[PDB]
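Descriptive analysis of the structure
Here are the chains, one letter per residue:
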Amino acid sequence: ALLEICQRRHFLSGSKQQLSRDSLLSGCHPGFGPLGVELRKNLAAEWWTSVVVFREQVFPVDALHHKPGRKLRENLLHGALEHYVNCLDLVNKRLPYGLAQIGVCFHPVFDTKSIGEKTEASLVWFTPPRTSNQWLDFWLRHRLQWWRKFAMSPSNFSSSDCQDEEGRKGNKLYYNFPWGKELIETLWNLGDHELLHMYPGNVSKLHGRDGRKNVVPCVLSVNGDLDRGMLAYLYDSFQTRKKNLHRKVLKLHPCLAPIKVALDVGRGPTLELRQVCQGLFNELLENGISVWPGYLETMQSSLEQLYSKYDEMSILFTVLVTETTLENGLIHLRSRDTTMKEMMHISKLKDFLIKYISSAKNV
Amino acid sequence: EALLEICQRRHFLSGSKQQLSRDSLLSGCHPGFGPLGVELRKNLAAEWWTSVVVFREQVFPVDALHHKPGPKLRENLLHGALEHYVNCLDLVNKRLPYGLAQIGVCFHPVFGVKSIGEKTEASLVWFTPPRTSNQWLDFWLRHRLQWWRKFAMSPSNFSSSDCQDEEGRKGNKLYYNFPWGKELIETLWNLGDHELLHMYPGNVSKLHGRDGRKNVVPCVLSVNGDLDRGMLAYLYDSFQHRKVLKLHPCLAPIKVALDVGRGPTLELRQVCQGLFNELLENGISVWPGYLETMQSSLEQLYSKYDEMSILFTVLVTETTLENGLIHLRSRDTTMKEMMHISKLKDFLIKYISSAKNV
Amino acid sequence: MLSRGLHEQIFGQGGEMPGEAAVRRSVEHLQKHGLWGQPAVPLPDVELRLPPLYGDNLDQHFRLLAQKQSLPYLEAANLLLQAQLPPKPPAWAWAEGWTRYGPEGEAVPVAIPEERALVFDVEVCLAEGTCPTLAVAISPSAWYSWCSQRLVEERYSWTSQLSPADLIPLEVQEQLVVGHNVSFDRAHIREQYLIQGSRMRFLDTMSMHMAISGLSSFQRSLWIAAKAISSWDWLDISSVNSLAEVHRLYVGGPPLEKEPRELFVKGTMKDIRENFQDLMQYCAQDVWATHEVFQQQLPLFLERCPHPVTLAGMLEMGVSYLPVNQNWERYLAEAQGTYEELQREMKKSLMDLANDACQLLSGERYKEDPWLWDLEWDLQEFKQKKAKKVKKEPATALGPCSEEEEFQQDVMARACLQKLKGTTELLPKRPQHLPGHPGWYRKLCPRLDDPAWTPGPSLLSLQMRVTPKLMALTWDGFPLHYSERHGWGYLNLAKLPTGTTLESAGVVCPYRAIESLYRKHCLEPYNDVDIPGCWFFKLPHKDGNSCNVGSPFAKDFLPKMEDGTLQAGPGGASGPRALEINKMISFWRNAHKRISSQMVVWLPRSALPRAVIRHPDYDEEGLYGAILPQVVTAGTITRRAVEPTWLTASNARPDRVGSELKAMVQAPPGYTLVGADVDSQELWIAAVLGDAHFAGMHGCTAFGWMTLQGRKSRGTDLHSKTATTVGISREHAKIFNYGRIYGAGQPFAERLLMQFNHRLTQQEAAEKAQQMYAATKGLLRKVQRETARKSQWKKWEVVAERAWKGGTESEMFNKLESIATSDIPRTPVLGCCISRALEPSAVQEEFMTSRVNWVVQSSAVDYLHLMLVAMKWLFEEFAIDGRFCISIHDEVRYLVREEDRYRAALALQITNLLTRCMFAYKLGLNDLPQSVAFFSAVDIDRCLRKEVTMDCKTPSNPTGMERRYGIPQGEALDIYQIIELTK
DNA sequence: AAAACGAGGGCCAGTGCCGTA
DNA sequence: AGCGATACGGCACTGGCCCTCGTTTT
Ligand SMILES: Nc1nc(=O)n([C@H]2CS[C@@H](COP(=O)(O)OP(=O)(O)OP(=O)(O)O)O2)cc1F
Ligand SMILES: *P(=O)(O)OC[C@@H]1CC[C@H](n2ccc(N)nc2=O)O1
Ligand SMILES: [Mg+2]
Ligand SMILES: [Mg+2]
């Protein structure tokens, strides 16, 4: 509960002092910083990869924020339910099949009169009644697995089996914050009630081919708060006894990390073949890896200063270009996980970064 | 015309029977989008964020609230970027002029009773000194025009108009020819410090940024493009007895689709699943038509895959289980070709990478 | 009713055989021992019509059965023995299917080799297995060579179809296939996977070699070392189980050449076709050598194992069958996923610890660390050579705007970049590991040019030797160490001096942080060395250790990890959780290769019993198949089953990952498996070997009376009686007993019982001394006990008396040694002599324990064979469908059907009864006790497991997945007779 | 310019502890 | 004569043969 200063100093959040746990959990926060919205960006992209792309029978859906008939949407489930028939047409009535969407929802909050918005990633899984619970357990295990990675301590994320007021089975996902567990994602098995209510006239347009027969789809649903998740990984990244020596650094996963590498200039001053830094810069961004530019600077200070400055930004590697590299071609490199100087080649550094991220994505 | 009907059957737009008109599409009123449209918009926004991330020196991404902070929905995407100005002043170390880009869903009233429409717009607020504001405005004019020109099938379809008034000293608007009527696609204004000085009085000693040992309150450039209007623009730009949408390879939602030719055999599904995973492993959108379940004709299949703007259609017959050869078929040339299944990934990747030019 | 335990039998009217003096001695012995407090609890006697006996005794019964069950196969074997061999073909045919080589080795295309008997050795390209590729088989008539469909270059898809070699003939006697490790070849037979069948049986030359002239693993270790005064005489009379070696032993011809390139396991399919003829030739050499070896072994085996029970038993024991389905594949995927996840977490935590401990390299602050000062801590920066010249130092050699007119300065910077890039490549050569990071960190990382490279420090372990010292605190101390053993633990004053000196140059050793760590630990060499924990300064020596081996690392001390000492830091409950993670994936770590590669052939809907199709299960596009366990029929000792996977398959534990492996063998719909476990075999065996030796009755011994007295059902067995002392239930007491029978070593029983009971050593030692009364007593300078009444004498010549040796009182080890003293077969009963390498004739023999164990375990294996032939006899005689066998030493399960399960269980009960009566008859009398005649537990259900109720880990919910339940049995099955018309 | 010797890393089999029935 | 016995594997560690490359040589 003291890393907030690191969030303000390096903008992963707002610089406002009024950022209580309530203001963050309710979504009434003034907004996230560039590094924070980039972290959330990579997190949401990592969701979209491990939910929509790799698994077939899952298609993106665009639900509106309001209703044609003032208050907005509380959940992007209904808007997805409205696109059931058309998405049944493109899948040729082959269920199980799902619709995913990452959209911001608006929640009415009585502060003890206001309204707090928060980005949520929801997937509605239309599945036959015969295999509803199986898909529920499936998605439970796979979502929980998706959240238990990227973490330095997977023991914090937990799951809870719970029943509805009627009897419908469901599962909640918690993260262990320093003040207790907190809901981050919920999974429920809706018994085709809402679909029956939306289409009272003809229920024939709702029948989905289970295989040898058409059945009424049971509506599974999983909604994940990516803001609370972003904060969960944000707390998880930061460090706790008899270590004898401590350094301030948050260890985010190299995949969802906001800025990947950080390019700087050493020795210093050297003019004027420093345009190579520009080359390495565009070369790096062309491959889709985030790179922080350390060109125009006021420091001119101890290396520990900008090293800690990059460790507070969870930057993976610190590439240093000096005149000796201008001579031969071997730039310096400082990893975040293990603070250690290492020499390397340029294109070798590019491919090392690409391979680092790509392999980080794997086991 | 006959374009709005092939966007319904191929799921570019949502299901509608009365609000399918061009006037309802130009308006924010929806019947939103279909999966193809969503993917198209996502790729478009991606290329937008890519065409501004290569821009020197640094532009920070932000997100603004939708409702009113004091109790209502947002019209423009400027205020939320003006709120994070003083904060982002620290990150740039108050060194040089700098901008803030953001893509968001803004609202606008559409006129019985009157309703409310939505539009996903991409904005860029470029803070720059008054002496070098107009020049940078022309710079962004050229860069945005070229940005719309790259993915365009015809550069003459996109136009750039100049204008001015008493509030804005000089502004430019980017139009698009349909040609059922030239429409607004992007606005480029040069607002003074009045917009910023109005929300921070005072003591306004924070606002002025360093400009070479000089303290000066920066003039504000307002870039505001529409990705929905742009989506429709490229849709009408791609529409060409044939009915094929030739969207740009870097912009097209699904770029490849693979089916089977031989009768329903498990091994075919195995090979196609393999190719599916291999293609998705290198970030290549692939439509799975091997599910399938019947595989009726081939001409109506190619017609369907041409109405969905698929770059290449792949056919995995029974010979593939012997030689590995596979039946490719282009879209822009519609040439029935054949090549080994192992050299497909490299071919697609090289073809997509070859479309990277300006 | 009567004689302290007997049932109504028709296995001989007479009989006593009273032995009045003998039973007086037994009664007196059991009175002074002494046990005379009978519970008088008569078990419910069973009255049923027994199956027809053939006479005269049950000996000739089982003999005639085993003979008629192995007669056609013996005939076929004899056809192989008198076989006149036609020469090898000049060239091998390159065609799919079988190729017959008769006159002058011509090529005759054949689908199926129709022969009574043949030798066989299949080949399979491991590079893309496990599908057969080549095969050669010779016959008493001519030769045969089978090629697989792998003759045409395609992009095949292996889902294990019915591609294996076809060998069985159609009907609309009969077969015998021999071969070295014949089970592996059986696994590659097309018609052996079917649910029904089969007539074809197999004979293993490896198993036969093991039965004739086999040797223990300890013997194997020093047999191959040939490259304890008279322990080298059996070196040339026996050999290892290799084909070349067993051929050099039984044939003694020229040494057969083996494939130097190992192309079937090292190379691909490409280089196989390039050397097809040669590989074919090699396979031919293999089947030929196998043929000769078999020819020389069959009569030797028939001589050493005269009883046909062993023959037929070995025949049925080779045709095992495990039916499975898609749930197998799901099990593989789920278990592998779980394993990868747990390993991911573990390696993540460990590499996290390894990353944050690398920071204390600067500057030289690692010397203060009481854990991290032994390793490298290197700093390399190499290398470069001069090529540029000359004589000039290369080490030292705010304006606002908005310009964009230089549109192509980007490609200028790019061109400069690339031009700068391709000029430094020739400066180094081979990319070495990261020199910047310390040596210990380099070793803890995968190579850069490695195809399986993972970011950060990988290869973390668990169970390594760096990482456990990296974090863990050490038994109320600070440092841990390794040299000849790790941290000492589990498996009249004494003093030792001290010393401390410097001389340079060695590594710096801190010992103040240790003392301070001890201070922090108690904040909540001598003394404190006995029960407490502390580390000295240097030395290094024992100075107070119990174990004589060490334990790197502490991986089974959870109760010694969740009780304070010892713990880890940093920190918290990370230690016990890490130990838990290790314990979970302990099984799947050393088995996943065997389980995942465990092949399985799926049979289509065209080649399966349609009566199963009629049964209300398909199931939902589900695939049904099976796998043959691939088991060596007879491996030492004694001639037990030997199988790489299924014999070491973990049980149902809610902790282990792949703990469901045993319960994955799910029976096809309409079918169900019925099995049983002998409770108990070896104990009652030793008991009988005792009482039959002492007198005539079964309860005339101190040890043999307690075995057949307890019931496991709502009662207390002997194992359970020793487990409630206390005492630990129940497997531990079993290990204690069976370990006591085969050598109750004082320190062994000490650390064992102390490990299992968890208490103090004195009271424990008292318990052991109380339990060591069973082995006591026993037998110039010597032990103070001889045949004389007193040992003290003066110049008394008695070297002719020092030849007798045997224990006294409770136990009966005297008989187990009596069979271990005979220089002749030693075969009770039956009744098969083993190994020219353990037979005391021309052997020292100094291998006593192995021979006592040989006796009792042989009785157990002959028990198994008897069970097999008995079960086979009344399964073909009556209408009991499903005769497939799946045996695991003690336990045995048959794949029956849902409508013939109770009668099959009845067949199991009858079998057990007859076998017990056999072991009773072979020593006398034919009469047998009550609580030992019939089985107590008979498992009847879909998948096989231990108890009838089964829980699991990976699938979490067992019945949640498509399963059923089990049923204890029992006494309710004693109402369904062996006759078809029941209920 | 050209021949030779030592340092570094991979493939190999052997050994010590542990994993299960 | 003195003794847990029969197996089945796994991973961690190691000294030695072999190839590559550089430091060193006509
Ligand atoms: N360590 C160890 N060593 C040895 O040598 N055995 C062998 C001794 S006898 C044989 C069968 O034992 P069991 O089946 O596990 O037990 P039960 O006493 O036969 O009867 P139950 O009802 O199951 O308790 O294995 C077994 C061991 F476990
Ligand atoms: P499993 O169910 O624990 O045991 C199956 C059979 C019983 C005898 C044999 N076995 C097991 C363990 C040990 N140590 N020795 C054996 O011979 O496996
Ligand atoms: Mg038993
Ligand atoms: Mg047993």
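Residues numbered from 1 in each chain as written, not as in the entry; some residues may be left out. Chains lettered and ligands numbered in written order. Heavy atoms only, no water. Residues with missing side-chain atoms left out of burial classes, pairs and counts.

Judging from the entry metadata, X-ray crystallography is the method by which this structure was determined, and 3.567 Å is the reported resolution.

1. What to know about the coordination of the magnesium ion (ligand 3)
Residues and elements named next belong to chain C. With distances of 2.2 to 2.7 Å, the protein atoms coordinating the magnesium ion (ligand 3) are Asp677 (OD), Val678 (O) and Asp890 (OD). Metal-to-metal, the separation of the magnesium ion (ligand 3) and the magnesium ion (ligand 4) is 4.0 Å. The class for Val678 is buried, based on a relative accessible area of 2%. (Donors = N, O, S within 2.8 Å, 3.2 Å for Na, K, Ca; no water. Buried < 20%, exposed > 50% of the residue type's maximum accessible area, 1.4 Å probe, protein only.)

2. Quick word on the site of ligand 2
All names here are of chain C. The local shell around ligand 2 consists of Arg640, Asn651 and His889. Taking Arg640, its side chain carries an N or O atom lying 2.8 Å from an oxygen atom of ligand 2. Protein chains shield 35% of the accessible area of ligand 2, which is 420 Å² for the free molecule. (Near = heavy atom within 4 Å. Polar contact = N/O pair within 3.5 Å; in protein donor to acceptor, adjacent residues only side chain to side chain. Areas by Shrake-Rupley, 256 points an atom, 1.4 Å probe, with all protein chains shown as cover.)

3. Some words on the interface of chain C and chain A
If you look at the interface, chain C gives 46 residues, while chain A gives 51 residues. Carbon and sulfur atoms supply 57% of the area that chain C and chain A bury against each other, a total of about 4000 Å² over both sides. Of all residues in chain C, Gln359(C), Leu417(C) and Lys421(C) bury the most surface against chain A, accounting for 15% of the area lost on that side. Where chain C packs against chain A, one counts six salt bridges. The interface formed by chain C and chain A contains eleven residue pairs in polar contact. Where the side of chain C that touches chain A is concerned, the elements lending two or more residues are α11 (326-356) and α12 (410-421) of chain C. Counted by class, the side of chain C that touches chain A contains 21 nonpolar, ten polar and 15 charged residues. (Contact = heavy atoms within 4.5 Å. Buried area = accessible area lost by both parts, 1.4 Å probe. Salt bridge = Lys/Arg side-chain N within 4 Å of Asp/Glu carboxyl O. Helix = DSSP H or I, 4+ residues; strand = E, 2+ residues; numbered from the N terminus. Nonpolar A, V, L, I, M, F, W, Y, C, P; charged D, E, K, R; others polar.)

4. Examining the protein's contact with DNA strand E
Residue and element names in this part refer to chain C. Residues in contact with DNA strand E amount to 34 residues; listed here are only the nearest, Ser217, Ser461, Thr636, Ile637 and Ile735. Here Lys805 contributes a side-chain N or O atom positioned 3.2 Å from a phosphate oxygen of DNA strand E. Between a phosphate oxygen of DNA strand E and a side-chain N or O atom of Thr849, the distance comes to 3.5 Å. Of all the secondary-structure elements, those providing two or more residues to the surface near DNA strand E are α5 (217-223), α18 (592-596), α23 (731-741) and α27 (848-876). Partitioned by chemical class, the residues of the surface near DNA strand E number nine nonpolar, 14 polar and eleven charged.

5. Some words on the pattern of salt bridges
Using the criterion set out here, one finds 64 salt bridges over all chains in the structure. For the salt bridge of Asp311(A) with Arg247(A), the shortest nitrogen-to-oxygen distance reads 2.9 Å. Separated by 64 residues along the polypeptide, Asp311(A) in helix α10 (residues 303-311) and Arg247(A) in the loop between α8 (226-237) and β10 (261-265) bring together distant segments of the chain. Residue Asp311(A) is classed as buried on the basis of its relative accessible area, which comes to 4%. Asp563(C) is the partner of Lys560(C) in a salt bridge, and the nearest nitrogen-oxygen pair spans 3.7 Å. Through salt bridges with shared partners, one network takes in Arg130(A), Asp210(A), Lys213(A) and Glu620(C).

6. Things to note about the domain arrangement of chain C
Looking at chain C, the domain boundaries give domain 1 (88-153 + 165-304) and domain 2 (714-791). Using C-alpha coordinates to define each centre, domain 1 of chain C is positioned 48 Å away from domain 2 of chain C. (Domains from an automatic or database assignment.)

7. With respect to the sheet that holds strand β11 (residues 624-627) of chain C
Residues and elements named next belong to chain C. Pairing within the open sheet is antiparallel, and its three strands lie in the order β9-β11-β10. Two strands close off the open sheet at either side, each with one partner strand: β9 (322-325) and β10 (601-602). Its contacts with the sheet place α11 against β9 and β10, and it is angled at close to 75 degrees to β9. (Pairing = 2+ DSSP bridges. Axes fitted to C-alpha atoms, helices over the stretch in contact; angles between N-to-C directions.)

8. Description of the site of ligand 1
Residues and elements named next belong to chain C. In the region of ligand 1, the neighbouring residues are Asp677, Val678, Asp679, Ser680, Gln681, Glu682, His719, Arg730, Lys734, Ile735, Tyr738 and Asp890. In this structure, an oxygen atom belonging to ligand 1 sits 2.7 Å away from a side-chain N or O atom of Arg730. For ligand 1, the protein covers 71% of the area, taking 580 Å² as the surface of the free molecule. For the shell around ligand 1, the leading source of residues is α23, giving three residues.

9. A short note on the interface of chain B and chain A
Much of the literature gives interface size as the accessible area that the parts lose upon coming together. Opposite the 44 residues of chain B that make contact, chain A presents 40 residues. Summing both sides of the interface, chain B and chain A together bury roughly 3800 Å²; the carbon and sulfur share of this comes to 60%. When residues of chain B are sorted by the area they lose upon contact with chain A, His11(B), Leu91(B) and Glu118(B) head the list and together hold 14% of the total. Ionic pairing is found between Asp62(A) and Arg41(B), a salt bridge with its closest N-O pair at 3.2 Å. Between chain B and chain A we count eleven residue pairs in polar contact in total. Among the secondary structure elements, those contributing two or more residues to the side of chain B that touches chain A are α2 (35-53), β1 (59-61), α4 (85-91), β2 (98-110), β3 (115-128) and α8 (266-281) of chain B. Among the elements that line the side of chain B that touches chain A, the one with the most residues is α2(B), at seven residues. Here the residues of the side of chain B that touches chain A sort into 20 nonpolar, 15 polar and nine charged.

10. What to know about the packing of aromatic side chains
Inspection of every chain in the model, using the stated rule, returns 70 aromatic pairs over all chains. Aromatic pair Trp98(C) and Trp146(C): ring centres 6.3 Å apart, planes at 35 degrees, arrangement tilted. Pair noted here: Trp98(C) is in strand β1 (residues 97-101) and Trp146(C) is in strand β6 (residues 143-147), with a separation of 48 residues, a long-range link. For the pair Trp98(C) and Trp146(C), one class covers both residues: buried. Consider the rings of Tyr366(C) and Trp377(C), whose centres lie 5.1 Å apart with planes at 25 degrees: the pair is stacked. Taken as a pair, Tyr366(C) in the loop between α11 and α12 and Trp377(C) in the loop between α11 and α12 lie far apart in primary sequence, eleven residues in all. The exposure class of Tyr366(C) is buried, given its relative accessible area of 11%. Pairwise contacts between aromatic rings join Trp47(A), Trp146(A), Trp147(A), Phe150(A), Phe157(A), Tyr175(A), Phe177(A), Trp179(A), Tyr233(A) and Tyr235(A) into one cluster. The ring of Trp180(B) has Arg22(B) lying over it, and the distance from NZ or CZ to the ring centre is 5.0 Å. The side chain of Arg916(C) reaches across the aromatic face of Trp684(C), ending 4.9 Å from its centre. (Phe/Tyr/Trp six-rings, centres within 6.5 Å; stacked < 30°, edge-to-face > 60°. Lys NZ or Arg CZ within 6 Å of the ring centre and 35° of its normal.)

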